[PDB]
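Structure file my_file.cif with mmCIF, N, CA and C atoms:
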data_input
#
loop_
_atom_site.label_atom_id
_atom_site.label_comp_id
_atom_site.auth_asym_id
_atom_site.auth_seq_id
_atom_site.Cartn_x
_atom_site.Cartn_y
_atom_site.Cartn_z
N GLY A 1 -60.90 45.57 -22.11
CA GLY A 1 -59.99 45.55 -20.94
C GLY A 1 -58.71 46.33 -21.18
N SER A 2 -57.58 45.77 -20.77
CA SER A 2 -56.29 46.42 -20.95
C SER A 2 -56.25 47.76 -20.22
N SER A 3 -55.66 47.77 -19.03
CA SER A 3 -55.55 48.98 -18.24
C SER A 3 -54.10 49.41 -18.08
N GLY A 4 -53.29 49.11 -19.09
CA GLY A 4 -51.88 49.47 -19.04
C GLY A 4 -51.02 48.55 -19.88
N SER A 5 -49.94 48.04 -19.29
CA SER A 5 -49.03 47.14 -19.99
C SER A 5 -48.46 47.80 -21.24
N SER A 6 -47.19 48.19 -21.17
CA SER A 6 -46.53 48.84 -22.30
C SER A 6 -45.02 48.79 -22.14
N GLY A 7 -44.53 47.74 -21.49
CA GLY A 7 -43.10 47.60 -21.28
C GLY A 7 -42.58 48.48 -20.16
N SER A 8 -43.07 48.24 -18.95
CA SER A 8 -42.65 49.02 -17.79
C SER A 8 -42.41 48.11 -16.59
N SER A 9 -41.54 48.56 -15.69
CA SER A 9 -41.21 47.79 -14.49
C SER A 9 -40.74 48.70 -13.36
N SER A 10 -39.75 49.54 -13.66
CA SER A 10 -39.22 50.47 -12.67
C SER A 10 -38.63 49.71 -11.48
N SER A 11 -37.83 50.41 -10.68
CA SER A 11 -37.21 49.81 -9.51
C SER A 11 -36.31 48.65 -9.91
N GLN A 12 -35.38 48.29 -9.02
CA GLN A 12 -34.46 47.20 -9.28
C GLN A 12 -34.27 46.33 -8.04
N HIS A 13 -33.95 45.06 -8.25
CA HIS A 13 -33.75 44.12 -7.15
C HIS A 13 -32.35 43.52 -7.20
N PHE A 14 -31.65 43.57 -6.07
CA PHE A 14 -30.30 43.02 -5.98
C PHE A 14 -30.25 41.84 -5.02
N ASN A 15 -29.60 40.76 -5.44
CA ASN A 15 -29.48 39.57 -4.61
C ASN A 15 -28.40 39.74 -3.54
N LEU A 16 -28.83 39.84 -2.29
CA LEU A 16 -27.90 40.00 -1.18
C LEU A 16 -27.59 38.65 -0.53
N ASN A 17 -26.30 38.34 -0.40
CA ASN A 17 -25.89 37.08 0.20
C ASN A 17 -24.62 37.25 1.04
N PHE A 18 -24.60 36.57 2.18
CA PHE A 18 -23.45 36.63 3.08
C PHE A 18 -23.67 35.73 4.30
N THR A 19 -22.87 34.67 4.39
CA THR A 19 -22.99 33.73 5.50
C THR A 19 -22.54 34.35 6.81
N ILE A 20 -23.30 34.09 7.88
CA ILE A 20 -22.98 34.62 9.20
C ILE A 20 -22.42 33.52 10.10
N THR A 21 -21.11 33.53 10.30
CA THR A 21 -20.46 32.53 11.14
C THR A 21 -21.07 32.51 12.54
N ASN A 22 -21.65 33.64 12.94
CA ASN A 22 -22.27 33.75 14.26
C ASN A 22 -23.74 33.34 14.21
N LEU A 23 -24.00 32.16 13.65
CA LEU A 23 -25.36 31.65 13.54
C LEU A 23 -25.36 30.19 13.10
N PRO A 24 -25.45 29.25 14.06
CA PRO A 24 -25.46 27.82 13.75
C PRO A 24 -26.73 27.39 13.03
N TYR A 25 -26.59 26.45 12.10
CA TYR A 25 -27.73 25.95 11.34
C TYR A 25 -28.44 24.82 12.09
N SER A 26 -29.39 25.19 12.94
CA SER A 26 -30.14 24.21 13.72
C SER A 26 -31.43 23.84 13.01
N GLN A 27 -32.18 22.90 13.60
CA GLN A 27 -33.44 22.46 13.03
C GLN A 27 -34.44 23.60 12.96
N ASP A 28 -34.37 24.51 13.93
CA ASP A 28 -35.27 25.65 13.98
C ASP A 28 -35.09 26.54 12.75
N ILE A 29 -33.84 26.80 12.40
CA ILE A 29 -33.53 27.64 11.24
C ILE A 29 -34.02 27.00 9.95
N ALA A 30 -34.30 25.70 10.00
CA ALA A 30 -34.78 24.97 8.83
C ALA A 30 -36.29 25.10 8.67
N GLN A 31 -36.98 25.30 9.79
CA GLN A 31 -38.43 25.44 9.78
C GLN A 31 -38.85 26.86 10.14
N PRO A 32 -39.57 27.55 9.24
CA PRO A 32 -40.03 28.93 9.48
C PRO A 32 -40.98 29.04 10.67
N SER A 33 -41.46 27.90 11.15
CA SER A 33 -42.38 27.88 12.28
C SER A 33 -41.63 27.70 13.60
N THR A 34 -40.44 28.30 13.69
CA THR A 34 -39.63 28.20 14.89
C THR A 34 -39.25 29.59 15.40
N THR A 35 -38.68 29.64 16.60
CA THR A 35 -38.28 30.91 17.20
C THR A 35 -36.91 31.35 16.67
N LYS A 36 -35.96 30.42 16.65
CA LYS A 36 -34.62 30.71 16.17
C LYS A 36 -34.65 31.23 14.74
N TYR A 37 -35.67 30.83 13.99
CA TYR A 37 -35.82 31.26 12.60
C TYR A 37 -36.39 32.67 12.52
N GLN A 38 -37.58 32.85 13.08
CA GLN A 38 -38.24 34.15 13.06
C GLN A 38 -37.38 35.22 13.73
N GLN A 39 -36.77 34.86 14.85
CA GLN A 39 -35.91 35.79 15.59
C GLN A 39 -34.75 36.26 14.72
N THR A 40 -33.93 35.32 14.27
CA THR A 40 -32.78 35.65 13.43
C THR A 40 -33.22 36.33 12.14
N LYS A 41 -34.36 35.90 11.61
CA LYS A 41 -34.90 36.47 10.38
C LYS A 41 -35.16 37.96 10.53
N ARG A 42 -35.75 38.34 11.66
CA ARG A 42 -36.05 39.74 11.93
C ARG A 42 -34.83 40.47 12.49
N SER A 43 -34.00 39.74 13.22
CA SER A 43 -32.79 40.31 13.81
C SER A 43 -31.87 40.87 12.73
N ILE A 44 -31.59 40.06 11.71
CA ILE A 44 -30.73 40.48 10.61
C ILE A 44 -31.40 41.56 9.77
N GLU A 45 -32.67 41.35 9.44
CA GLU A 45 -33.42 42.31 8.64
C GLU A 45 -33.49 43.66 9.34
N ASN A 46 -33.50 43.63 10.67
CA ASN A 46 -33.56 44.86 11.46
C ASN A 46 -32.21 45.56 11.47
N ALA A 47 -31.14 44.77 11.54
CA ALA A 47 -29.79 45.32 11.55
C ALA A 47 -29.43 45.94 10.20
N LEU A 48 -29.92 45.33 9.13
CA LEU A 48 -29.65 45.82 7.78
C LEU A 48 -30.37 47.14 7.54
N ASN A 49 -31.53 47.30 8.16
CA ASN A 49 -32.32 48.52 8.01
C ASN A 49 -31.55 49.73 8.51
N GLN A 50 -31.20 49.71 9.79
CA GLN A 50 -30.46 50.81 10.40
C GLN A 50 -29.10 51.00 9.72
N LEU A 51 -28.63 49.95 9.04
CA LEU A 51 -27.35 50.01 8.35
C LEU A 51 -27.46 50.80 7.05
N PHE A 52 -28.61 50.68 6.38
CA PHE A 52 -28.84 51.38 5.13
C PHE A 52 -28.90 52.89 5.35
N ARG A 53 -29.75 53.32 6.28
CA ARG A 53 -29.90 54.74 6.58
C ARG A 53 -28.56 55.37 6.96
N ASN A 54 -27.63 54.54 7.43
CA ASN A 54 -26.31 55.01 7.82
C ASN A 54 -25.32 54.88 6.67
N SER A 55 -25.56 53.92 5.79
CA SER A 55 -24.69 53.69 4.65
C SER A 55 -24.60 54.94 3.77
N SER A 56 -23.68 54.91 2.81
CA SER A 56 -23.49 56.04 1.90
C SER A 56 -24.67 56.18 0.95
N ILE A 57 -25.31 55.05 0.64
CA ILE A 57 -26.45 55.05 -0.27
C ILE A 57 -27.76 55.15 0.51
N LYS A 58 -27.80 56.07 1.47
CA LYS A 58 -29.00 56.27 2.29
C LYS A 58 -29.95 57.26 1.62
N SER A 59 -30.30 56.99 0.37
CA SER A 59 -31.21 57.85 -0.37
C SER A 59 -31.97 57.06 -1.44
N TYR A 60 -31.24 56.24 -2.19
CA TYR A 60 -31.84 55.43 -3.24
C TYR A 60 -32.21 54.05 -2.71
N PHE A 61 -31.44 53.56 -1.73
CA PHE A 61 -31.70 52.25 -1.14
C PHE A 61 -32.93 52.29 -0.24
N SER A 62 -33.93 51.48 -0.59
CA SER A 62 -35.16 51.43 0.19
C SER A 62 -35.00 50.52 1.40
N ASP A 63 -34.97 49.21 1.17
CA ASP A 63 -34.81 48.25 2.24
C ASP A 63 -34.33 46.90 1.71
N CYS A 64 -34.27 45.91 2.58
CA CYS A 64 -33.82 44.57 2.20
C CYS A 64 -34.93 43.55 2.41
N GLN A 65 -34.82 42.41 1.73
CA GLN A 65 -35.82 41.35 1.85
C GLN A 65 -35.15 40.02 2.16
N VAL A 66 -35.21 39.61 3.42
CA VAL A 66 -34.61 38.35 3.85
C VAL A 66 -35.43 37.16 3.36
N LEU A 67 -35.01 36.58 2.24
CA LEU A 67 -35.70 35.43 1.67
C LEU A 67 -35.70 34.26 2.63
N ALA A 68 -34.51 33.74 2.93
CA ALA A 68 -34.37 32.61 3.84
C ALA A 68 -32.90 32.37 4.20
N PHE A 69 -32.62 31.21 4.77
CA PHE A 69 -31.26 30.86 5.16
C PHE A 69 -30.81 29.58 4.48
N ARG A 70 -29.52 29.50 4.15
CA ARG A 70 -28.97 28.32 3.49
C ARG A 70 -27.93 27.65 4.38
N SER A 71 -27.77 26.34 4.20
CA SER A 71 -26.81 25.57 4.99
C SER A 71 -25.55 25.29 4.17
N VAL A 72 -24.51 26.08 4.41
CA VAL A 72 -23.25 25.92 3.71
C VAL A 72 -22.66 24.53 3.93
N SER A 73 -21.86 24.07 2.98
CA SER A 73 -21.23 22.76 3.07
C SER A 73 -19.98 22.81 3.94
N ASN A 74 -19.24 21.71 3.97
CA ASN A 74 -18.02 21.62 4.76
C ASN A 74 -18.33 21.62 6.25
N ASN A 75 -18.84 22.75 6.74
CA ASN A 75 -19.18 22.88 8.15
C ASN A 75 -20.64 23.30 8.32
N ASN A 76 -21.32 22.67 9.28
CA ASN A 76 -22.73 22.97 9.54
C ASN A 76 -22.87 23.93 10.72
N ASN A 77 -21.85 24.76 10.92
CA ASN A 77 -21.87 25.72 12.02
C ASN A 77 -22.01 27.15 11.50
N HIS A 78 -22.63 27.29 10.33
CA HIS A 78 -22.84 28.60 9.72
C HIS A 78 -24.25 28.72 9.16
N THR A 79 -24.52 29.84 8.49
CA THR A 79 -25.84 30.07 7.91
C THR A 79 -25.76 31.10 6.78
N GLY A 80 -26.19 30.70 5.59
CA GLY A 80 -26.16 31.60 4.45
C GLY A 80 -27.36 32.54 4.43
N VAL A 81 -27.10 33.83 4.59
CA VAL A 81 -28.16 34.83 4.59
C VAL A 81 -28.61 35.15 3.17
N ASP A 82 -29.84 34.78 2.84
CA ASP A 82 -30.39 35.04 1.52
C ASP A 82 -31.28 36.28 1.56
N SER A 83 -30.67 37.45 1.41
CA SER A 83 -31.41 38.70 1.44
C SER A 83 -31.56 39.28 0.04
N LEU A 84 -32.25 40.42 -0.05
CA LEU A 84 -32.48 41.08 -1.33
C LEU A 84 -32.30 42.59 -1.20
N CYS A 85 -31.18 43.09 -1.70
CA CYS A 85 -30.90 44.52 -1.64
C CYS A 85 -31.88 45.30 -2.52
N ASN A 86 -33.11 45.44 -2.04
CA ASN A 86 -34.15 46.15 -2.78
C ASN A 86 -33.84 47.65 -2.85
N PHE A 87 -34.27 48.28 -3.94
CA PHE A 87 -34.05 49.71 -4.13
C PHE A 87 -35.35 50.42 -4.49
N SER A 88 -35.26 51.74 -4.66
CA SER A 88 -36.43 52.54 -5.00
C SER A 88 -36.50 52.78 -6.51
N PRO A 89 -37.66 53.25 -7.01
CA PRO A 89 -37.84 53.53 -8.44
C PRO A 89 -36.91 54.63 -8.94
N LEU A 90 -36.53 55.53 -8.04
CA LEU A 90 -35.64 56.64 -8.39
C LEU A 90 -34.23 56.13 -8.66
N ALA A 91 -33.86 55.05 -7.97
CA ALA A 91 -32.53 54.47 -8.13
C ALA A 91 -32.31 53.99 -9.56
N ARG A 92 -31.39 54.64 -10.27
CA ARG A 92 -31.09 54.27 -11.65
C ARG A 92 -29.62 53.89 -11.80
N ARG A 93 -28.75 54.65 -11.15
CA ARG A 93 -27.31 54.40 -11.22
C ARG A 93 -26.83 53.65 -9.98
N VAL A 94 -27.03 52.34 -9.96
CA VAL A 94 -26.62 51.51 -8.84
C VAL A 94 -25.89 50.26 -9.32
N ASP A 95 -24.65 50.09 -8.85
CA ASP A 95 -23.85 48.94 -9.24
C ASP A 95 -23.88 47.87 -8.15
N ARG A 96 -23.38 46.68 -8.49
CA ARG A 96 -23.35 45.57 -7.55
C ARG A 96 -22.34 45.82 -6.44
N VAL A 97 -21.12 46.16 -6.83
CA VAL A 97 -20.05 46.44 -5.87
C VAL A 97 -20.43 47.58 -4.93
N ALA A 98 -21.32 48.45 -5.39
CA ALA A 98 -21.77 49.59 -4.59
C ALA A 98 -22.30 49.13 -3.24
N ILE A 99 -23.37 48.35 -3.26
CA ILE A 99 -23.98 47.85 -2.03
C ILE A 99 -23.03 46.89 -1.31
N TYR A 100 -22.12 46.28 -2.07
CA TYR A 100 -21.16 45.34 -1.51
C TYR A 100 -20.13 46.07 -0.65
N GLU A 101 -19.66 47.21 -1.15
CA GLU A 101 -18.66 48.00 -0.43
C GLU A 101 -19.31 48.80 0.69
N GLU A 102 -20.52 49.29 0.44
CA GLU A 102 -21.25 50.07 1.43
C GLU A 102 -21.57 49.24 2.67
N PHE A 103 -21.75 47.93 2.46
CA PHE A 103 -22.06 47.02 3.56
C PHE A 103 -20.80 46.58 4.29
N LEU A 104 -19.69 46.52 3.56
CA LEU A 104 -18.42 46.11 4.14
C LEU A 104 -17.82 47.22 5.00
N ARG A 105 -18.08 48.46 4.62
CA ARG A 105 -17.57 49.61 5.36
C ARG A 105 -18.19 49.69 6.75
N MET A 106 -19.48 49.38 6.84
CA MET A 106 -20.19 49.42 8.12
C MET A 106 -19.95 48.14 8.92
N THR A 107 -19.67 47.05 8.22
CA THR A 107 -19.43 45.77 8.87
C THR A 107 -17.94 45.53 9.10
N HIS A 108 -17.16 46.61 9.10
CA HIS A 108 -15.72 46.52 9.30
C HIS A 108 -15.09 45.48 8.37
N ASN A 109 -15.10 45.79 7.07
CA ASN A 109 -14.54 44.88 6.08
C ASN A 109 -15.28 43.55 6.08
N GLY A 110 -16.56 43.59 6.41
CA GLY A 110 -17.36 42.38 6.44
C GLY A 110 -16.85 41.38 7.47
N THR A 111 -16.97 41.73 8.74
CA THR A 111 -16.51 40.86 9.82
C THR A 111 -17.52 40.82 10.96
N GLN A 112 -18.00 41.99 11.36
CA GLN A 112 -18.97 42.09 12.45
C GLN A 112 -20.15 42.98 12.06
N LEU A 113 -21.28 42.35 11.74
CA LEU A 113 -22.48 43.09 11.36
C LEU A 113 -23.30 43.45 12.60
N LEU A 114 -22.99 44.60 13.19
CA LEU A 114 -23.69 45.06 14.38
C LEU A 114 -23.52 44.08 15.54
N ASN A 115 -24.31 43.01 15.53
CA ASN A 115 -24.24 42.00 16.58
C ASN A 115 -24.23 40.59 15.98
N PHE A 116 -23.61 40.46 14.81
CA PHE A 116 -23.54 39.17 14.14
C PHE A 116 -22.25 39.06 13.32
N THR A 117 -21.24 38.40 13.90
CA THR A 117 -19.96 38.23 13.23
C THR A 117 -20.11 37.34 12.00
N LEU A 118 -19.81 37.89 10.83
CA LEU A 118 -19.91 37.15 9.58
C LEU A 118 -18.65 37.31 8.74
N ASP A 119 -18.44 36.37 7.82
CA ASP A 119 -17.26 36.40 6.95
C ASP A 119 -17.38 37.51 5.91
N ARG A 120 -16.30 37.72 5.16
CA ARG A 120 -16.27 38.75 4.13
C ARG A 120 -16.25 38.12 2.73
N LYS A 121 -15.34 37.18 2.53
CA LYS A 121 -15.22 36.50 1.24
C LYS A 121 -16.53 35.81 0.86
N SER A 122 -17.23 35.28 1.86
CA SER A 122 -18.49 34.59 1.64
C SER A 122 -19.54 35.56 1.10
N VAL A 123 -19.49 36.80 1.56
CA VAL A 123 -20.44 37.82 1.12
C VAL A 123 -20.36 38.04 -0.38
N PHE A 124 -21.49 38.37 -1.00
CA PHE A 124 -21.55 38.61 -2.43
C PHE A 124 -22.93 39.11 -2.85
N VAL A 125 -22.95 40.12 -3.71
CA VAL A 125 -24.20 40.69 -4.18
C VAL A 125 -24.30 40.63 -5.70
N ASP A 126 -25.47 40.24 -6.20
CA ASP A 126 -25.69 40.14 -7.64
C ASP A 126 -27.04 40.72 -8.03
N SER A 127 -27.42 40.54 -9.29
CA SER A 127 -28.69 41.05 -9.79
C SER A 127 -29.73 39.93 -9.87
N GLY A 128 -30.87 40.15 -9.24
CA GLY A 128 -31.93 39.15 -9.25
C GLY A 128 -32.55 38.98 -10.62
N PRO A 129 -33.48 39.87 -11.00
CA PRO A 129 -34.15 39.80 -12.31
C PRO A 129 -33.19 40.05 -13.46
N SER A 130 -32.84 38.99 -14.18
CA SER A 130 -31.93 39.10 -15.31
C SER A 130 -32.12 37.93 -16.27
N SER A 131 -33.32 37.37 -16.30
CA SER A 131 -33.63 36.24 -17.18
C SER A 131 -32.68 35.07 -16.92
N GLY A 132 -32.99 34.28 -15.90
CA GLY A 132 -32.16 33.14 -15.56
C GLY A 132 -32.84 32.20 -14.59
#
Take the structure in the file and write it out as structure tokens.
Amino acid sequence: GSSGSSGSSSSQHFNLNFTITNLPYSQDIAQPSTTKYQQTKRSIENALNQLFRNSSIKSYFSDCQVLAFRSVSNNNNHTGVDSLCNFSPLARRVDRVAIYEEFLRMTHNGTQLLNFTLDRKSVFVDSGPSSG
């Protein structure tokens, strides 16, 4: 057997996160078998797509992966966007702040994402695969 395997992976995955104040955490958002969930799930993922091609990193950045939504504490009138700033195999020189600033520039300092008003301080991007 053995058809490869020699210490290879290529491509990188970035953890995209940013709560959207313009999205209440209802029961629908809790169950993937709802409309409010699928709709918002594709709505945000769709907005991020057109945002990338327009962003400064519209060459190495492939697309995003909306994992799910989280319910922030204190107030239940928000929704934590659990996305994944996925990149291409060619992308080698990519920092965390890079996608963070590129997204804030288009979202007006992280306030209005196309058609979804979201906070800025809440937003944050990190590295997914890092042994943890």
Could you check the closest approach to residue 27 (chain A) for each of A:79, A:93, A:103, A:116 and tell me which residue wins, using only C-alpha atoms? A:79
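Once all atoms listed in the file are considered, the residues situated within 8 Å of the file point (-16.4, 39.1, 1.0) turn out to be residues 18, 104, 109, 110, 119, 120, 121, 122, 123 and 124 of chain A.
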Proximity to residue 45 (chain A) - best of A:65, A:73, A:2, A:21, only C-alpha atoms: A:65
Residue 23 (chain A) surroundings by all atoms listed in the file, 8 Å radius, close-in-sequence under 5 positions cut, as a PDB file with N, CA and C atoms, keeping the file's coordinate frame:
ATOM      1  N   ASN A  76     -21.320  22.670   9.280  1.00  0.00           N
ATOM      2  CA  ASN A  76     -22.730  22.970   9.540  1.00  0.00           C
ATOM      3  C   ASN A  76     -22.870  23.930  10.720  1.00  0.00           C
ATOM      4  N   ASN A  77     -21.850  24.760  10.920  1.00  0.00           N
ATOM      5  CA  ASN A  77     -21.870  25.720  12.020  1.00  0.00           C
ATOM      6  C   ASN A  77     -22.010  27.150  11.500  1.00  0.00           C
ATOM      7  N   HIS A  78     -22.630  27.290  10.330  1.00  0.00           N
ATOM      8  CA  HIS A  78     -22.840  28.600   9.720  1.00  0.00           C
ATOM      9  C   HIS A  78     -24.250  28.720   9.160  1.00  0.00           C
ATOM     10  N   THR A  79     -24.520  29.840   8.490  1.00  0.00           N
ATOM     11  CA  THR A  79     -25.840  30.070   7.910  1.00  0.00           C
ATOM     12  C   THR A  79     -25.760  31.100   6.780  1.00  0.00           C
ATOM     13  N   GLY A  80     -26.190  30.700   5.590  1.00  0.00           N
ATOM     14  CA  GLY A  80     -26.160  31.600   4.450  1.00  0.00           C
ATOM     15  C   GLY A  80     -27.360  32.540   4.430  1.00  0.00           C
ATOM     16  N   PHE A 116     -23.610  40.460  14.810  1.00  0.00           N
ATOM     17  CA  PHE A 116     -23.540  39.170  14.140  1.00  0.00           C
ATOM     18  C   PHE A 116     -22.250  39.060  13.320  1.00  0.00           C
ATOM     19  N   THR A 117     -21.240  38.400  13.900  1.00  0.00           N
ATOM     20  CA  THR A 117     -19.960  38.230  13.230  1.00  0.00           C
ATOM     21  C   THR A 117     -20.110  37.340  12.000  1.00  0.00           C
ATOM     22  N   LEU A 118     -19.810  37.890  10.830  1.00  0.00           N
ATOM     23  CA  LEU A 118     -19.910  37.150   9.580  1.00  0.00           C
ATOM     24  C   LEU A 118     -18.650  37.310   8.740  1.00  0.00           C
TER      25      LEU A 118
END
What lies within 10 Å of region 57-59 of chain A using only C-alpha atoms, ignoring chain neighbours under 3 positions off, as a JSON list (two decimals) with N, CA and C atoms, keeping the file's coordinate frame?
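Written output follows (out.json):
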[["chain", "number", "residue", "atom", "x", "y", "z"],
["A", 50, "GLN", "N", -31.20, 49.71, 9.79],
["A", 50, "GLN", "CA", -30.46, 50.81, 10.40],
["A", 50, "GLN", "C", -29.10, 51.00, 9.72],
["A", 51, "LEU", "N", -28.63, 49.95, 9.04],
["A", 51, "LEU", "CA", -27.35, 50.01, 8.35],
["A", 51, "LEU", "C", -27.46, 50.80, 7.05],
["A", 52, "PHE", "N", -28.61, 50.68, 6.38],
["A", 52, "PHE", "CA", -28.84, 51.38, 5.13],
["A", 52, "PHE", "C", -28.90, 52.89, 5.35],
["A", 53, "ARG", "N", -29.75, 53.32, 6.28],
["A", 53, "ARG", "CA", -29.90, 54.74, 6.58],
["A", 53, "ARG", "C", -28.56, 55.37, 6.96],
["A", 54, "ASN", "N", -27.63, 54.54, 7.43],
["A", 54, "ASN", "CA", -26.31, 55.01, 7.82],
["A", 54, "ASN", "C", -25.32, 54.88, 6.67],
["A", 62, "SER", "N", -33.93, 51.48, -0.59],
["A", 62, "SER", "CA", -35.16, 51.43, 0.19],
["A", 62, "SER", "C", -35.00, 50.52, 1.40],
["A", 63, "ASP", "N", -34.97, 49.21, 1.17],
["A", 63, "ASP", "CA", -34.81, 48.25, 2.24],
["A", 63, "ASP", "C", -34.33, 46.90, 1.71],
["A", 87, "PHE", "N", -34.27, 48.28, -3.94],
["A", 87, "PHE", "CA", -34.05, 49.71, -4.13],
["A", 87, "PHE", "C", -35.35, 50.42, -4.49],
["A", 88, "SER", "N", -35.26, 51.74, -4.66],
["A", 88, "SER", "CA", -36.43, 52.54, -5.00],
["A", 88, "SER", "C", -36.50, 52.78, -6.51],
["A", 90, "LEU", "N", -36.53, 55.53, -8.04],
["A", 90, "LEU", "CA", -35.64, 56.64, -8.39],
["A", 90, "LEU", "C", -34.23, 56.13, -8.66],
["A", 91, "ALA", "N", -33.86, 55.05, -7.97],
["A", 91, "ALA", "CA", -32.53, 54.47, -8.13],
["A", 91, "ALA", "C", -32.31, 53.99, -9.56],
["A", 94, "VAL", "N", -27.03, 52.34, -9.96],
["A", 94, "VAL", "CA", -26.62, 51.51, -8.84],
["A", 94, "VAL", "C", -25.89, 50.26, -9.32],
["A", 98, "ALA", "N", -21.32, 48.45, -5.39],
["A", 98, "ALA", "CA", -21.77, 49.59, -4.59],
["A", 98, "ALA", "C", -22.30, 49.13, -3.24],
["A", 99, "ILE", "N", -23.37, 48.35, -3.26],
["A", 99, "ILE", "CA", -23.98, 47.85, -2.03],
["A", 99, "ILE", "C", -23.03, 46.89, -1.31],
["A", 102, "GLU", "N", -20.52, 49.29, 0.44],
["A", 102, "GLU", "CA", -21.25, 50.07, 1.43],
["A", 102, "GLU", "C", -21.57, 49.24, 2.67],
["A", 103, "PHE", "N", -21.75, 47.93, 2.46],
["A", 103, "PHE", "CA", -22.06, 47.02, 3.56],
["A", 103, "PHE", "C", -20.80, 46.58, 4.29]]
If you count only C-alpha atoms, which residues fall within 12 Å of residue 128 (chain A), apart from same-chain ones fewer than 5 positions away, as number ranges by chain? A: 11-17, 65, 82-87, 96
If you run DSSP on the backbone, which residues of chain A are alpha helix (DSSP H), as an MDAnalysis selection string? chainID A and resid 27:30 35:54 96:106
re atom N of residue 131 (chain A) and atom C of residue 48 (chain A): distance 25.9 Å
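Here atom C of residue 46 (chain A) is placed at a distance of 16.0 Å from CA of residue 69 (chain A).
Separating CA of residue 30 (chain A) from CA of residue 64 (chain A) is a distance of 20.7 Å.
Remark: for residue 56 (chain A), the closest of the candidate residues A:28, A:101, A:129, A:7 is A:101 (distances computed over all atoms listed in the file).
Here the residues within region 23-95 of chain A that DSSP labels strand (DSSP E or B) on the basis of the backbone are residues 61, 62, 63, 64, 68, 69, 70, 80, 81, 82, 83, 84, 85, 86 and 87 of chain A.
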